[PDB]
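Have a look at the structure below before the remarks.
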Protein chains: 2
Amino acid sequence: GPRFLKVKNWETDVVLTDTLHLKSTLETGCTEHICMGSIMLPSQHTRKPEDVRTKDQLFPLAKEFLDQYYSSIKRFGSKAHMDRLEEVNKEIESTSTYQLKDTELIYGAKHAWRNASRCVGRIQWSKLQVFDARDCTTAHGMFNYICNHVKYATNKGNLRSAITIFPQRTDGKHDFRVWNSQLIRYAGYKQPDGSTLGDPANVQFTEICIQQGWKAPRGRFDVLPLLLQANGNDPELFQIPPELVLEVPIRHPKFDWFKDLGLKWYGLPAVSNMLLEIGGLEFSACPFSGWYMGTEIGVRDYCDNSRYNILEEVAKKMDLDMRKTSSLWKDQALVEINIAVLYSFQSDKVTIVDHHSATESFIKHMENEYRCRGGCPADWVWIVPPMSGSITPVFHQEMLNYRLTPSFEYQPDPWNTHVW
Amino acid sequence: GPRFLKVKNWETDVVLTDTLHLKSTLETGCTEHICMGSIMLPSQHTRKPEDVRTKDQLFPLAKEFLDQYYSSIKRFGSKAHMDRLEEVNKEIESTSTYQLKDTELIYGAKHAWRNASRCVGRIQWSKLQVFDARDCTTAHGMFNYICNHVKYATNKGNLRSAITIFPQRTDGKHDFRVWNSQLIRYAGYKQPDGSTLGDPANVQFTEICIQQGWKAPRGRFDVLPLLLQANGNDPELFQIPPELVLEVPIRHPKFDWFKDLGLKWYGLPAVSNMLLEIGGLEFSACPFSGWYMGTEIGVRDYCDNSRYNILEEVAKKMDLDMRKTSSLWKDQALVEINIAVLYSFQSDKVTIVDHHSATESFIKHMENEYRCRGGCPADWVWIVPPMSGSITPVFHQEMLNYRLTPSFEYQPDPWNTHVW
Ligand code: HEM
Ligand code: HEM
Ligand SMILES: C[C@H](O)[C@H](O)[C@H]1CNc2nc(N)[nH]c(=O)c2N1
Ligand SMILES: C[C@H](O)[C@H](O)[C@H]1CNc2nc(N)[nH]c(=O)c2N1
Ligand SMILES: CCCNC(=[NH2+])NCCC[C@H](N)C(=O)O
Ligand SMILES: CCCNC(=[NH2+])NCCC[C@H](N)C(=O)O
Ligand SMILES: [Zn+2]
């Protein structure tokens, strides 16, 4: 398009016009000469270790947000609008920061999710539950908030989206951080015999916990303890109450032998290592949760080489011809492993969505966003499922990726920085 | 990287440094604000209908290429180098164009393939057979060349890569074009009963052929006739000799009932609608061929909704639970359909490669290119297979995409333009 970019769906021939990209100022990492669309973390905003924004650079951002917030409630330029701007303005010059009103925080959180270009489950964005933990001051208080969140979101298996927001960052008072990558994950332990017990992706973190005294069960699926850091002080270990951690034993609807594989997984995915930015303010601790898309577990978590990597074993038990990749034994065990995962969760009545339904609703969500918002930033590389790509509708959908704020950003690991 | 960009493999932790991107001048379609990496044909160079380059804009391009060609043979700045430049120079000012020496044409073709960022089979790039058809002047001559190419490349099933290059374009003398999208493809016919017989992707072309008198067999897998245009004159219909068209009846190594599905496909993929650009010169007719990667047929050709879309039928015959997408019946029939394709080709001893071997050799190719060329332009969106993405190594490989020349470009369909 001359000024209005268009994305086409090649399976349905549907075309959409994107104008929403015009309000993006953050950089993508690409240039007119190179495309970095497949790079994991282009440091364009991967959050620096580098201090905190200053009073000068903070007000423009604070304003951009408020202008947007009021424009959404069609009150742009109102006395209220102008009053709030001056409020914050003065509030920043005096205290070097500012506080979001409960309403602005809820709008900011929802939009950080609405703007998450890598999220395929955004059709749910406006149905997020926000828990305000900005009054929290200690690690025990953080533990309590997280426990209440896990209980709420799990809802006995009928998962509900939620996010708990702790105190924003400040010059030096200090940072609240949840050292865990996800609220619920399994430990990983290296074994001199070359092998790795548990989840290989959590080995260096499990080490930290052990260093902090965690009594590791040295098992396969050991739910790790929470390592909470409040007001910049050293983190503390906490054990999430077992009765609060819902898990699902993995079994197959045909292969009774599948059970014996000893496969199990937790039902609540809860990312706790990202950063939420709203009006220049940075919330380094903002754990949030939704529900699983089957492939996340069956394809990536179980079959990723660097993860549990269960493909061989599963393949042996099926007695497949593993002497030639051309037999597609990996592809076959993969489909079964995922049929099991979906079957298991559904039996235990635990909320889960298959990649066919998820991608289907994302196309619907996209159409809703282009109709009501002028577009929808989407990352094709991440939106398309790790298995059966072309049989899902998103594979055939052209997507425009750009960065909007509020947003969720990556941030340095706290231990690769935290002192003493 | 500060000036040197890096791509990481997240499964193996291998990092590579790209410097090769620095010699790209063509635009990708992205900006620092928007990423268009998932857009099919960004008109950045999708070849305009707009005339032909002029003497002025043609020499810079001609030079850039020759400088590169001699630099490759470590003869940059040689008398030969300088002599050739002046040759062409004068040759352009006088005849408004120039002729590539056989050696430059072979180097240009190989590199257009070497630079094809969307091609996963580039490890073979330097083993391409070039057929010089620049002396051709008629459609019958074009037919002969194409027949000799098909015979050569098929090699009785032991496929060999090749490309046949016809006369380059000139101001007005005229264009040589192969109206077919691929040398070998099946016709598509619309049926008032809503359905479509054959390949839905070839309906509008099949119509043209019929309009030109083709005696369509009105079948399912009807090999279309060649519609050749030489020196800008109207195209002519030609029937590729049946004995020259190798096909493979699709059957399964377990499901004897698969045979009865009536599935068949040709063994030689031969793209004939792209444009080859070497030193500013445009070769609008340059059909080229290699061999199939299984998924191209089993996943896209057979299971694409807008293609043969055989998923239901195949699923019924397997008696799968098609009442819920959550049963993953589509994924399952998909794996079987592709096991069949690979099995079938291998039995008939016809060259074919599975997505596991293809992606494996592309990672090796990438490492070879970063070691010897400073990098390798790759399009992640296209390199990752349409099924079982994350279990193949390219899914986990960060890729940098940029445009280098010589290259293969898209060009307008000849009928949506050709006159009388
Ligand atoms: C309702 C259930 C939801 C589903 C099915 C869903 C699904 C997904 C999936 C499949 C991914 C890919 C993650 C990966 O491959 O590692 C993702 C990424 C993401 N989602 Fe959602 N999501 C949901 C809810 C949420 C919520 C409640 C938020 C925030 C309020 C959110 C924010 C994001 C973000 C920030 C990413 C990007 C992660 C990254 O780039 O590392 N999602 N989501
Ligand atoms: C040796 C066998 C080869 C294999 C296995 C192979 C495989 C592939 C695959 C899987 C694609 C994706 C095409 C699609 O999805 O439609 C592709 C694209 C492409 N290949 Fe190769 N290729 C081979 C040889 C060649 C040759 C001989 C040339 C040229 C000299 C070439 C040039 C390209 C180009 C230009 C594209 C991009 C097509 C587009 O963007 O529409 N390939 N190749
Ligand atoms: C290299 C490449 O960017 C990387 O492997 C990406 C691809 N797509 C992905 N998509 C999702 N949803 N999650 C991931 O972790 C990835 N990894
Ligand atoms: C919209 C999206 O770009 C489109 O569907 C792409 C994705 N990847 C692809 N990859 C290959 N090899 N071939 C294709 O035709 C496509 N289609
Ligand atoms: C945090 C709510 C959204 N979560 C989600 N569905 N996917 C991303 C987090 C889960 C993580 N990829 C895992 O498989 O363990
Ligand atoms: C032209 C040689 C390379 N061809 C190839 N392997 N793939 C692309 C062309 C085949 C086309 N996508 C098809 O499935 O019909
Ligand atoms: Zn890009």
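All heavy atoms count here, side chains included; hydrogens, waters and symmetry mates do not. Counting starts at 1 for both ligands and their atoms, in listed order. Chain letters run A, B, ... following the sequence lines, proteins first and then strands; every chain starts at 1.
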Tell me the nearest of [options] to [atom], using heavy-atom distances.
{"atom": "atom 31 (C) of ligand 2", "options": "B:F408, B:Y292, B:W113, B:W291", "value": "B:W113"}
{"atom": "atom 29 (C) of ligand 2", "options": "B:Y410, B:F288, B:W382", "value": "B:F288"}
{"atom": "atom 9 (C) of ligand 2", "options": "B:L41, B:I383, B:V120", "value": "B:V120"}
{"atom": "atom 10 (C) of ligand 2", "options": "B:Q182, B:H355, B:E296", "value": "B:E296"}

**Fill in**
Rounding to 0.5 Å, atoms CE (A:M387) and CG (B:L334) come to a distance of 8.5 Å

**Complete:** Value for CE (B:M274) from CD (B:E409), rounded to nearest 0.5 Å, stands at 6.5 Å

**Prompt:** Do B:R122 and B:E369 meet the salt-bridge criterion of a basic N to acidic O distance under 4.0 Å?
**Reply:** no

**Message:** Closer than 4.0 Å to some heavy atom of B:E398 - which atoms of ligand 3 meet that?
**Reply:** 1 (C)

**Item:** Residue A:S38 vicinity, atoms of ligand 3 by number, heavy atom under 4.0 Å
**Value:** 1 (C), 2 (C), 3 (O)

**Which of the ligand 2 atoms, numbered from 1, are nearer than 4.0 Å to a heavy atom of B:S289** = 27 (C)

**Request:** Mind telling me whether B:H149 and B:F131 have parallel, tilted or perpendicular rings, with 30° and 60° as the class edges?
**Result:** tilted

**Request:** Could you check whether the rings of B:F65 and B:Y107 sit parallel, tilted or perpendicular, using 30° and 60° as the cut-offs?
**Result:** tilted

**Worked verdict on B:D102 versus B:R134 for salt bridge (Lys or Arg N to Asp or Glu O under 4.0 Å)** = CA-CA 10 Å; B:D102 296 317; B:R134 291 179 290 167; 3.1 Å; yes

**Item:** Opening angle between SG in A:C35 and SG in B:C35, taken at the Zn ion (ligand 7), to 10 degrees
**Value:** 100°

**Complete:** Rounded to 10°, the SG/B:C30 to the Zn ion (ligand 7) to SG/A:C30 angle comes out at 120°

Looking only at distances, can you tell me whether any N or O atom of [X], backbone or side chain, sits closer than 3.5 Å to an N or O atom of ligand 3?
{"X": "B:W10", "result": "no"}
{"X": "B:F395", "result": "yes"}
{"X": "A:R300", "result": "yes"}
{"X": "A:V381", "result": "yes"}

Regarding [X] and [Y], do their side chains bring together a donor and an acceptor under 3.5 Å, going by distance alone?
{"X": "B:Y292", "Y": "B:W265", "result": "yes"}
{"X": "A:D331", "Y": "B:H355", "result": "yes"}
{"X": "A:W380", "Y": "A:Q397", "result": "no"}
{"X": "B:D199", "Y": "B:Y308", "result": "no"}
{"X": "A:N401", "Y": "A:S117", "result": "yes"}

Nearest protein heavy atom to [atom], by residue and atom, and its distance?
{"atom": "atom 33 (C) of ligand 2", "answer": "B:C119 CB, 3.7 Å"}
{"atom": "atom 6 (C) of ligand 3", "answer": "A:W382 NE1, 4.0 Å"}
{"atom": "atom 37 (C) of ligand 2", "answer": "B:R118 CB, 3.9 Å"}
{"atom": "atom 34 (C) of ligand 2", "answer": "B:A116 CB, 4.0 Å"}

**Within reach of ligand 2, part of B:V271 (heavy-atom separation under 4.0 Å)** = neither

**Asked** Just heavy atoms, cut-off under 4.0 Å: does B:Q397 contact ligand 3 by side chain, backbone, both, or neither?
**Response** backbone

**Message:** For B:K6, I'd like to know if atom NZ has over 12 heavy atoms of other residues, nucleotides or ligands within 6.0 Å.
**Reply:** yes

**Ring centroid separation B:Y186 to B:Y266 under 6.0 Å** = yes

Measuring from non-hydrogen atoms of [X] to any atom of ligand 2, is the shortest distance under 4.0 Å?
{"X": "B:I163", "result": "no"}
{"X": "B:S161", "result": "yes"}
{"X": "B:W125", "result": "no"}

